[PDB]
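> Please find the sequence and an experimentally derived structure below.
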Amino acid sequence: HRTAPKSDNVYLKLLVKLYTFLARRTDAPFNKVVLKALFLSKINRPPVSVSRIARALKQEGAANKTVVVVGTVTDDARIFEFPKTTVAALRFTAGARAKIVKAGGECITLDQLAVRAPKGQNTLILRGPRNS
Amino acid sequence: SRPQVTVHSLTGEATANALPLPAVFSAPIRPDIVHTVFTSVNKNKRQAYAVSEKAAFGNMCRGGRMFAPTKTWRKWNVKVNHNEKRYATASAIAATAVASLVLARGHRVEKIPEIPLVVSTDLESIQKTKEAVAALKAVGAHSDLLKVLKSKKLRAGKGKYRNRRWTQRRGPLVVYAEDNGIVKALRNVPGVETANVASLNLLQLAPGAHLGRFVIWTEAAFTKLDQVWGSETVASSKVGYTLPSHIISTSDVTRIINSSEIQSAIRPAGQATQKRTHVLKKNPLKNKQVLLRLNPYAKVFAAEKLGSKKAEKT
Amino acid sequence: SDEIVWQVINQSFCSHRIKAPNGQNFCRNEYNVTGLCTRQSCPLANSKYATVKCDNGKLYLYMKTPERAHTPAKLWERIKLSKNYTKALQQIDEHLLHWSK
RNA sequence: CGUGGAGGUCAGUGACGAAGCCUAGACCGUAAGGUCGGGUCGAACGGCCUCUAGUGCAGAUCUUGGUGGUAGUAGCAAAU
RNA sequence: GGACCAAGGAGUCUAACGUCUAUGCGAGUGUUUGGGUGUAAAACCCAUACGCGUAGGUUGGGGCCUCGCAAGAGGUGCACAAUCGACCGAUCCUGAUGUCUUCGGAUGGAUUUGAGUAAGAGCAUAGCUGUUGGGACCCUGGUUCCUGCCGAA
RNA sequence: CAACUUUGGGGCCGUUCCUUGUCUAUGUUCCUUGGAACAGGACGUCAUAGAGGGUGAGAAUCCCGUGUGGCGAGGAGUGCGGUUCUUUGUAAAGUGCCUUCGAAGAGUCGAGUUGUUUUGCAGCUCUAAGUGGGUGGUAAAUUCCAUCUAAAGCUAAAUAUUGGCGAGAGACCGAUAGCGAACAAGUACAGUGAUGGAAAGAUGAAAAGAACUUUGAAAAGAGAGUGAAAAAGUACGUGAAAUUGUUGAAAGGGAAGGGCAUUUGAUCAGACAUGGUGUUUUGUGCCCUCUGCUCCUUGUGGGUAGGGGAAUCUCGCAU
Ligand SMILES: [Zn+2]
């Protein structure tokens, strides 16, 4: 479909340049997935609730994994207990950002994510549940 | 990204006091959003126009009614999301610090003390034009003023005789906390426009949607910018507003690429331009050198001459 | 910020940039070494920079450091070049030691 | 690609000649078109990044204006 | 359909739903009826309301991890899909404990049901476009620049 | 009954409002070009005035204004602010308590019908009540409760305004557009009338609008002259195409057009090109030496003076 972001956010195009350097110069399929996810529209980037993130952290062997969201991490007050984990994403709503910080966790940008996992070591990628 | 900025005297020199950055200059710079907001804001001060209602009968006809009589109820003003408009203003304010942007727009700021240029609040208390112009001489924005003054040209359009006769470039923008006669003093000099910190007009900020007009700050205004936009320390003074975040922390991508650890994790690179192989086909069965890069048996084949070999008489 | 400043200068209005009939671009930036307005070329988009430039008679090497991104009056450093052509090229290679090609 | 207008910019061009017109003058564009020479001419006008539209004509027995042949013909109050 | 030539001359605007895209914020979102402010039809700030939305298993499977020189193996598994479930509402029978003589639904069934639960995604602005209506391209006829790509009945 | 509490009317002068009048900055400094500087360059001054216009071309500084304030003048006037003159006569009013009373919209309400409207209104006929009447919920019901006073009247402001009287603006049109009408446009004209309804802007800075001679009925010329320009002559800025005339060239003889390709003929373009490398001569300077001064970005810096020397070296320049 898109071979380029149809957006004109400059910082987004910067991350596209960074991850296209990675997706050329790495052999992990991770950065290719990240590049293909960066092209997605607002409909094709559905938001991810932090409740869905914690329900994802209920998976086996994932507690020392990091989570990556190409999209927006949104808050949900329907959860109380949220684990201390590391979340990297594009955008953070201030409620979800305070949930992650208040749980002792970490709000990460995708540049710092690339610095931490250039080959995508020990990661998780979550997609929002699209209906319409 | 330095912590603080030296205030400058009206005589123009490094005053010993310095002021920390108001962290508004750390805002994301989004010229797409500045552009989209700027179009709609520039569509605001517009007066409608129309043809007469009933005043042959053909659009093709001489003197007939025209195709599509221009009606007043075509949309003139454009509604803008308030956070989005504030975001455009914040990106403009952050862009004014940089001054590679200010040179990139076109300003004569090559001999000014520093960026963002901050003068004492005593500047506000000037009430005469000649003193404030001499003050801007003492600053070093004189060349920008002379640029604006030379730049007065006549408008090429018909709108010359629609009360829009003359045109000229824009110059410095003076930001004050409080008027003390400064806005009357700078009113007569061309190209200079003053602004309270509360307003900070985007049209005055990024004229023509080009980021980074040359902006002069007074000392109290520069402190007051923290009050106006907030920080992580000072709240906002705007109801439920936050100085917005970055999606990428480091502004330099090539720094990240060439850092150390990406440079550790990455395979070796190519020649950075491709070595052309086989630019032209050399046929075998002639050109015996390319026959010899193939089939090394061909040499001893020709040596023994097996193509003309005599069989046994059996 | 340099790549942000560059993409502003590139994708939006570089005031020094001139558009040729060919399509090629040209900065009227007085410090620009090549005539062009490209990524390496704009002095506004790069903080480490250098330029041979003449004041009335004598030719000066002009150095630009990221250390002086602020204070643009004190921005450019000036070096008097020798009248010996060989010596002045040697001076260039000295002051641009550990510097890019 | 072109047109009117608008914001920014080129401290753009211009009475030592802008715009327009002509050009059995040259050039660049695949083209839409653009650039220059020369002549005429007298007062404004362009390039770039954007905005905006009353924005592109061969026809519609289109509208208006101008000019042909018919034809020195018909014909002599065809208007005088 | 045409004597020629010049100029003018034909899909504009608006309203209501709809897709797509971009942007801001995000379970919220929407300043501009209005008030305050102003260098004054601009910009700037905003009280109260209002609008719209919100209020289990198995099989895979992007990847990721481990091991393996590699090939491959094992594990955890995004989105989404299929299955088997469960529950809610309905569906038609069972009709208890009680029962004001006609009230009652307890329990157990049965199929489908549903943009159902089983952990949100929307609001606003802009752009391009689809349908409808306002004279709505102009008056059967006409309907204004180029190039590239795709291209039927 | 007890107290308290209160007084109205003028004048005048200000103020307020309207209508005006008047005053209130800074170059016409040198040079070039131009018919004309208001253009270009150099040097300036004002500014709470760099809006706009005019002046022979883009005028802050030439003029009018503009901006800031000032001084008037004539009215309107009770809006209030001072003064000043008077106003009482058992005058008028207000609050609490006590006592005694304690009167209101009828051809209306309503009902029927008809028309009209989508329930009112109108007509016709009938036509009331006074703890009354109107209207709405309510019910565990021989209900309760709610809420107003119709059939008399006035009332600013927030509102509409394609008219009037004025202003101020425009991402509007620039003479086939924009009003039909930028002009002696509702005109000329047409129609018996009601009515319909055009076309038509630009000499020049100044008319300086062509003295005078001559042809010529007269129209038009030709000499001449003005003008920066009649390649601006009241047919007049600029002056396209269609179409016309003359001359030149070529072709054709009842010939139509283009496309390719080439000759011939005519014709145009076609260096302000004239240097580099090495060596050598002499001279000069940021070259050498000595003695300084100065700016900070204080270094791998920048500017700059004086005298001496090339006798030797060396760089650049000139030769
Ligand atoms: Zn550039």
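Sure thing, it's come through. Numbers count the residues shown, from 1 in each chain, chains lettered A, B, ... in the order given.

> Grab the most central residue of the chain for me.
In the absence of a named chain, this looks at chain A. Among the residues of chain A, residue A:69 comes closest to the average C-alpha position under C-alpha atoms, centre = their mean, at 1.9 Å.

> Sorry, I should have been clearer: chain B.
residue B:211 (3.6 Å).

> Same question for the lengthiest strand in chain A: list its buried residues.
Longest strand in chain A by number of residues (criterion: DSSP state E): strand A:66-74. Within strand A:66-74, the residues that count as buried by 16 or more other C-beta atoms under 10 Å in any protein chain shown are A:66-74. Just so you know, the C-beta spots here come from the backbone N, C-alpha and C atoms, and that holds for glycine as well.

> Which element, helix or strand, includes residue C:60?
strand C:59-64 (DSSP states H and E).

> For that strand, which strands pair with it and how are they oriented?
Strand pairing for strand C:59-64, using DSSP bridges, gives strand C:49-54 (antiparallel), strand C:77-80 (antiparallel).

> Out of the ones you listed, flag the one nearest residue C:2.
Counting by C-beta to C-beta, residue C:2 lies closest to strand C:49-54 out of these; the figure is 11.0 Å.

> Give me the contacts around that closest one.
C:30-33, C:43, C:59-64, C:81, C:92, C:95-96, C:99 (C-beta atoms under 8 Å, 6 or more residues apart in numbering or on different chains).

> In ChimeraX, how would I select just the buried ones from the residues you listed?
ChimeraX command restricting the contacts of strand C:49-54 to the buried ones, with burial defined by 16+ other C-beta under 10 Å:
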select /C:31,32,43,60,61,62,63,64,81,92
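
> Residue A:46: which of the contacts of strand C:49-54 is nearest?
residue C:43 (44.2 Å).

> Excluding chain neighbours, what is closest to that closest one?
The shortest distance from residue C:43 to any non-neighbouring residue, by C-beta to C-beta, 6 or more residues apart in numbering or on different chains, is to residue C:31 (4.4 Å).

> I figured the one you found was touching residue C:75, is that so?
No - contact between residue C:31 and residue C:75 fails when scored by C-beta atoms under 8 Å: they sit 9.6 Å apart.

> so what sits against both of the two?
Joint contacts of residue C:31 and residue C:75 (C-beta under 8 Å, 6+ apart) are residue C:64.

> coming back round to it: tabulate the buried residues of strand A:66-74 (CSV), appending distance to residue B:312.
As requested, the buried residues of strand A:66-74 are exported to CSV (distance: C-beta to C-beta, whole Å):
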residue, distance to residue B:312
A:66, 80
A:67, 82
A:68, 79
A:69, 83
A:70, 79
A:71, 83
A:72, 88
A:73, 88
A:74, 92
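
> what subset of those residues is also close to RNA strand E?
Taking C-beta under 7 Å from any atom of the strand as the test, RNA strand E is in contact with A:72, A:74 out of those.

> What parts of chain B come near RNA strand D?
B:35, B:39, B:42-43, B:51, B:58, B:60-64, B:66, B:68, B:70, B:105-106, B:108, B:143, B:146-147, B:150-151, B:153-160, B:162, B:164, B:167, B:169-170, B:207-210.

> List buried residues within the residues you listed.
Among the residues of chain B next to RNA strand D, those buried by neighbour count (16+ other C-beta under 10 Å) are B:35, B:105-106, B:108, B:147, B:169-170, B:207, B:209-210.

> Out of the residues you listed, name the ones that lie in strands.
Using DSSP E, no member of those falls within strands.

> Quick check: buried residues in the one helix or strand residue A:55 maps to?
Secondary structure assigned from DSSP H and E places residue A:55 in helix A:50-57. Buried positions in helix A:50-57, judged by neighbour count with 16+ other C-beta under 10 Å: A:50-54, A:57.

> how about residue B:175, secondary structure?
strand (DSSP: H, G, I helix; E, B strand; the rest coil).

> Please identify which helix or strand holds the residue lying closest to residue A:70 once chain neighbours are set aside.
Nearest non-adjacent residue to residue A:70, counting by C-beta to C-beta, 6+ apart: residue A:37, 3.8 Å away. If you go by DSSP H and E, residue A:37 is part of helix A:29-38.

> mind checking how far that helix is from the chain centre?
11 Å (C-alpha atoms, centre = their mean, to the nearest Å).

> Kindly report the same for stretch B:72-87.
Distance, centroid of stretch B:72-87 to centroid of chain: 22 Å (C-alpha atoms, centre = their mean).

> And RNA strand E, is that stretch touching that?
Yes - Stretch B:72-87 lies within reach of RNA strand E by C-beta under 7 Å from any atom of the strand, at B:73-75, B:78-87.

> Just the buried ones from those, in ChimeraX syntax?
A single ChimeraX command selects the buried members of the residues of stretch B:72-87 next to RNA strand E (16+ other C-beta under 10 Å):
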select /B:80,85,86,87
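
> Secondary structure element holding the most far-flung residue of chain C relative to its centre?
Relative to the centre of chain C, and counting by C-alpha atoms, centre = their mean, the farthest-placed residue is residue C:21 at 24.4 Å. Remark: residue C:21 resides in no helix or strand, with elements defined by DSSP H and E.

> Identify the residues contacting residue B:121.
Per C-beta under 8 Å, 6+ apart, neighbours of residue B:121: B:177, B:218-221.

> The same query, at a cut-off of 7 Å, please.
B:177, B:218-220 (C-beta atoms under 7 Å, 6 or more residues apart in numbering or on different chains).

> separation between it and residue B:214?
20 Å (C-beta to C-beta, to the nearest Å).

> got it, and residue B:62?
Separation of residue B:62 from residue B:214 (C-beta to C-beta): 53 Å.

> who's in contact with the residue of chain C found nearest RNA strand D?
Using C-beta to the nearest atom of the strand, the point where chain C gets nearest to RNA strand D is residue C:15, with a distance of 3.9 Å. Shown in contact with residue C:15 (C-beta under 7 Å, 6+ apart): B:104-106.

> Same list, the residues you listed, but as a markdown table with distance to the ion please.
Compiled in a markdown table, those are given as follows (distance: C-beta to the ion, whole Å):
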| residue | distance to the ion |
| --- | --- |
| B:104 | 7 |
| B:105 | 12 |
| B:106 | 11 |
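
> Show me the residues you listed that map onto helices.
Residues of the contacts of residue C:15 located in helices (DSSP state H): B:104-105.

> Could you list which of the contacts of residue C:15 also contact chain C?
B:104-106 (C-beta under 7 Å from any C-beta of the partner chain).

> Now distance to RNA strand F too, for these, in a markdown table please.
As requested, these are exported to a markdown table (distance: C-beta to the nearest atom of the strand, whole Å):
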| residue | distance to RNA strand F |
| --- | --- |
| B:104 | 21 |
| B:105 | 19 |
| B:106 | 19 |
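
> Closest to chain C out of those residues?
Set against chain C, the nearest of the ones next to chain C among the contacts of residue C:15 by C-beta to the nearest C-beta is residue B:106 (3.7 Å).
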